[PDB]
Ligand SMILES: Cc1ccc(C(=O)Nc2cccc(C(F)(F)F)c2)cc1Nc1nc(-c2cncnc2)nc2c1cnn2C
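Single chain ahead, written as structure tokens, the form deposited without the ligand.
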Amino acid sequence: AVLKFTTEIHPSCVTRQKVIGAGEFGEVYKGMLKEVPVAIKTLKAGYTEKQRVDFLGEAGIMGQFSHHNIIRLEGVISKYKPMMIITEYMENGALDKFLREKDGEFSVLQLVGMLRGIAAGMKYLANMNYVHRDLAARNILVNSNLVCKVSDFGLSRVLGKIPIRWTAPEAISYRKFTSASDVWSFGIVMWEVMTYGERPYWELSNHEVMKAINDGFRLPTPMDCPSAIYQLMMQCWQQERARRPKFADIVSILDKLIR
């Protein structure tokens, strides 16, 4: 794929209406663009140069993609303060928090549908030769129509701190990040979904998680999870990365459970 540069949006085109959260780099707003509803992420007052670079850099990576299950970037304001990233609006926010609120409410069919969309976004990303490295329910956003979309491309790169509980053993131990380590992470996301937003490995420390992983531990079947879905997450957690399904396999497997 050919590299894209980021669309610059004029400040007068953006209207912030309400605060909808606190971000890594500053406040997040709901507002309007041009008009269409958008999420508007701002860069905090007193930002450092590194923060500016990382803020706009993540947006640039997100902007490489055009897929229904990857957050759409409208553009950035980088020539004016406050600097902003403008994306599609996701009314229901982060997937982990959304499921905790809706604990036990969804059908298995609906949870599978949500996972199928996430897998489709990842299949697309993998085919574009990108590894995400930070795939986790907290980094997936949910819109009013229950569509789940991959967000948070800070660690993403073409094929420092890492999210240990979501990371494959070979990526933890040997710095080997591939689409197959993203598949491991997807398995963790499946577990987060089927548990309605339980924390992977509960309150074990990172060192304890690493030891558990190295000892062959796998997270247990979520309450009332169908065997076929638990087996799929177990397949995503094959110790040897070459033996995990590809995202194309995952999409096909989930598709067949949509009945």
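Counting begins at 1, following the sequence as shown. So that the term is clear: the rigid core is the largest set of C-alpha atoms that superpose within 1.5 Å between two forms.
- Of the other structures of this protein that model both sides of residue 156, a third or more give it no coordinates.
- The segment from residue 218 to residue 219 is modelled without interruption, since every residue of the deposited sequence in that interval carries coordinates.
- According to the entry, the stretch of the deposited sequence that connects residue 159 to residue 160 contains 10 or more residues lacking coordinates, which leaves a long gap in the model.
- As listed in the deposited structure, the average C-alpha B-factor of 133-141 and of 93-101 is greater for 93-101.
- Higher mean CA B-factor, judged across 107-115 and 71-79 from the recorded values: 71-79.
- Going by the entry's values, 175 shows the largest Cα B-factor out of 149, 165, 123, 175.
- For residue 27, the recorded CA temperature factor ranks within the highest third of the chain's modelled residues.
- For residue 193, the recorded CA temperature factor ranks within the lowest third of the chain's modelled residues.
- Among the modelled residues of its chain, residue 16 has a C-alpha B-factor that falls in the middle third, as given in the PDB entry.
- Placement of the Cα temperature factor of residue 248 within the chain: middle third of the modelled residues, per the deposited record.
- Placement of the Cα temperature factor of residue 85 within the chain: middle third of the modelled residues, per the deposited record.
Not on display, but discussed next: the form deposited with the ligand bound.
- The site on the displayed chain is blocked: the ligand, placed by C-alpha superposition from its pose in the bound PDB entry, has three or more atoms within 2.4 Å of backbone or C-beta atoms.
- Between the ligand and the residues 62, 43, 219, 233, the one pair within 4.5 Å by heavy atoms in the bound PDB entry involves 62.
- Checking 90, 77, 119, 168 for any heavy atom within 4.5 Å of the ligand in the bound PDB entry turns up a single hit: 90.
- Not one of 123, 148 and 249 comes within 4.5 Å of the ligand in the bound PDB entry, counting any heavy atom.
- Although the partner is absent here, residue 85 sits close enough that one of its heavy atoms falls within 4.5 Å of the ligand in the bound PDB entry.
- Among residues of the shown chain, residue 130 is one whose heavy atoms approach the ligand to within 4.5 Å in the bound PDB entry.
- In the bound PDB entry, the ligand stays beyond 4.5 Å of every heavy atom belonging to residue 184.
- Interface membership of residue 14, defined by any non-hydrogen atom within 4.5 Å of the ligand in the bound PDB entry, is ruled out.
- In short, of 200-208, 223-231, 43-51, 64-72 it is 64-72 that has heavy atoms within 4.5 Å of the ligand in the bound PDB entry.
- With the core held fixed by superposition, the comparison between the shown form and the other one singles out 62 as the only member of 219, 193, 232, 62 whose CA moves by at least 2 angstroms.
- Once the cores line up, the CA of residue 82 ends up 2 angstroms or more apart between the shown form and the other one.
- Once both forms are fitted on their rigid core, the CA atom of residue 245 lies less than 2 Å apart between the shown form and the other one.
- Superposition on the rigid core between the shown form and the other one places the CA atom of residue 13 less than 2 Å from its counterpart.
- If you compare C-alpha positions, residue 44 and residue 94 are 3 angstroms or more farther apart in the bound PDB entry than in the form on display.
- The pair residue 21 and residue 131 is tighter in the bound PDB entry: their Cα-Cα distance falls by no less than 3 Å compared with this form.
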